[PDB]
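Student:
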Ligand SMILES: [Mg+2]
Ligand SMILES: [Mg+2]
Ligand SMILES: [Mg+2]
Ligand SMILES: [Mg+2]
Ligand SMILES: [Mg+2]
Ligand SMILES: [Mg+2]
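Chains as they are written, first to last, in the entry's author numbering: chain A, -4 to 231; chain A', -4 to 231; chain B, 591 to 595; chain B', 591 to 595. A prime marks a further copy of an entry chain.
(1) Determine, using beta carbons only, whether residue 225 of chain A' comes closer than 8 Å to chain B'.
(2) Taking 8 Å as the threshold (beta carbon to beta carbon), is residue 94 of chain A' in contact with chain B'?
(3) Does the CB of residue 18 of chain A have a neighbour CB from chain A' at under 8 Å?
(4) Ignoring anything shorter than 4 residues or poking outside the region 106 to 160 of chain A, list the alpha helix (DSSP H) runs there in chain order.
(5) When DSSP labels each residue in this structure, what does residue 195 of chain A get in the three-state scheme?
(6) Buried or exposed for residue -3 of chain A, please, with buried defined as at least 16 other CB atoms from any protein chain shown within 10 angstroms of its CB.
(7) Can you tell me which of the three DSSP states residue 37 of chain A falls into?
(8) Determine whether the Cβ of residue 222 of chain A' lies closer than 8 Å to any Cβ atom of chain A.
(9) Do residue 10 of chain A and residue 26 of chain A have their CB atoms nearer than 8 Å?
(10) For chain B', check one thing: does any of its Cβ atoms lie closer than 8 Å to the Cβ of residue 193 of chain A'?
(11) Count the other CB atoms, across all protein chains shown, that sit within 10 Å of the CB of residue 142 of chain A; report buried if there are 16 or more and exposed otherwise.
(12) When the Cα of residue 24 of chain A is compared with those of A:69, A:8, A:166 and A:63, which residue comes out closest?
(13) Applying a beta-carbon distance threshold of less than 7 Å, which residues of chain B' neighbour residue 181 of chain A'?
(14) Mind checking if residue 12 of chain A is an interface residue toward chain A', Cβ cutoff 8 Å exclusive?
(15) Could you list the residues in the region 64 to 92 of chain A with a C-beta less than 9 Å from some C-beta on chain A', going in chain order?
(16) In the DSSP assignment, find the alpha helix (DSSP H) that holds residue 90 of chain A and state where it starts and stops.
(17) Using C-beta distances below 6 Å, list every residue in its chain close to residue 44 of chain A, excluding the 5 sequence neighbours before and after it, in chain order.
(18) Would you call residue 89 of chain A' buried or exposed, if buried means 16 or more other Cβ atoms sit within 10 Å of its Cβ?
(19) Check each candidate in A:36, A:193 and A:121 and name the one with the smallest Cα separation from residue 173 of chain A.
(20) Does the Cβ of residue 98 of chain A' lie closer than 7 Å to at least one heavy atom of ligand 2?
(21) Under 7 Å Cβ to Cβ from residue 121 of chain A, same chain only, skipping five residues before and after it: list those, please.
(22) At least one CB of chain B' closer than 8 Å to the CB of residue 144 of chain A': is that the case?
(23) Does the beta-carbon of residue 66 of chain A, which I'm using as the reference point, lie nearer than 7 Å to any heavy atom of ligand 2?
(24) Does the beta-carbon of residue 2 of chain A, which I'm using as the reference point, lie nearer than 7 Å to any heavy atom of ligand 1?
(25) Counting contacts by CB-CB distance shorter than 8 Å, is residue 118 of chain A in contact with chain A'?
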């Protein structure tokens, strides 16, 4: 890898600079380099990894949606035939997105998840695994689509099982996992009732535990609780 | 070039799709491919080329400024020594920016400018040449800094001379050239009085010619006139 | 688009 | 930053 000659600490330093400069492709490359040094990541370092790739893949997903919408209108009744270009360029963006997802899943499999023994790190990485299989599922159409969906489900479920046993209901990782697994149910698994039930139960159980928290923990937890509520409002 | 096997019309089609998807790096690569087919560009095609690279280099310039500010604070009295990383990463972004500028200048030199005989196309390309030498000047520190600045000045001046002879004072290309050459004076050439004089004279001469215009031309011209006024307000 | 983190 | 086009 092109980052093999840079110090781990220098990679982390430059990832933070890239974030400040909104250079998220660079940030992701720096953090990939840091993961490949082979040491476990701290909480702050896990957050840098997540932020970098979330921004990269988020932009790809937005672009894919623009192009997929144009392509679908191109195939409506009365649309003028315009050649292969829209499909080709949608496929180009799609292939780049799949490549990023495969890269992230590769980092989790080699070897972040297997070395993660603490509940907070293990749940964080398994949530990420669910998330990046979910992004692969958003664009999947072939023989392995159901298996891609189940790979997302299985990662999220393992993360949920650990988080329920080992973390309080207000823990931001537990909350963000539940938020995203709820979206998985609604948008990927065609299970809106499960999505709504999960979001509501997560919100209510967190509400009942807020009284245990400091002001700073309360701010962290209620931020994600508001995202649960926002989704419930969209869906009901 | 990787676009050598794609049809010119397909490259232009995909540049427009990339714009809609806000994929400006792709848009620039498509338009570079189209230029390298060797045919002259239409007005719409020139605009696609300009938009693509303006967005790419604009993001690089913003990032370079963030990193340069961090670097300059790193060298103030009482700042903790933090190693070579800030300089290195600023240099990385700088080198990528210079590469984009060199690519654009290369397209203009081989062979867009020499084939551009109509005033509108020739002035458009010479403005671009001034602009991309100006971006090189923003980051230049070496033996050839003065020559880079003069290369920008010389391109802008030739564009100005043609535009004054061949285009009305409300022409949007003439106006945008004057706007940018005024910024060149203020920010690059350390000539704020020249910058102010040019912006004001350009604005007043355009104002006096608005009466000749249709509603649609009036909207185009007054948009850029407002940018002149905005700069004059910043500078006075 | 629903919210995810 | 001043305006340019
Ligand atoms: Mg070392
Ligand atoms: Mg495909
Ligand atoms: Mg349940
Ligand atoms: Mg051909
Ligand atoms: Mg340099
Ligand atoms: Mg004069």
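The beta-carbon is built from N, C-alpha and C at its ideal position, and this holds for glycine as well.
Tutor: This is what the structure holds:
(1) yes
(2) No - not a single Cβ of chain B' is within 8 Å of the one on residue 94 of chain A'.
(3) yes
(4) 114 to 134
(5) helix
(6) Taking all protein chains shown into account, residue -3 of chain A has fewer than 16 neighbouring C-beta atoms within 10 Å of its C-beta and is therefore exposed.
(7) coil
(8) no
(9) yes
(10) no
(11) exposed
(12) A:8
(13) 592
(14) yes
(15) 65, 77, 78, 79, 80, 81, 83, 84, 85, 87 and 88
(16) 80 to 102
(17) 26
(18) Around the Cβ of residue 89 of chain A', a 10 Å sphere holds 16 or more other Cβ atoms; the residue is buried.
(19) A:193
(20) The answer is no for residue 98 of chain A'.
(21) Within the same chain, residue 121 of chain A has close Cβ partners 108, 150, 153 and 154.
(22) no
(23) no
(24) yes
(25) No, residue 118 of chain A does not count as interfacial toward chain A'.
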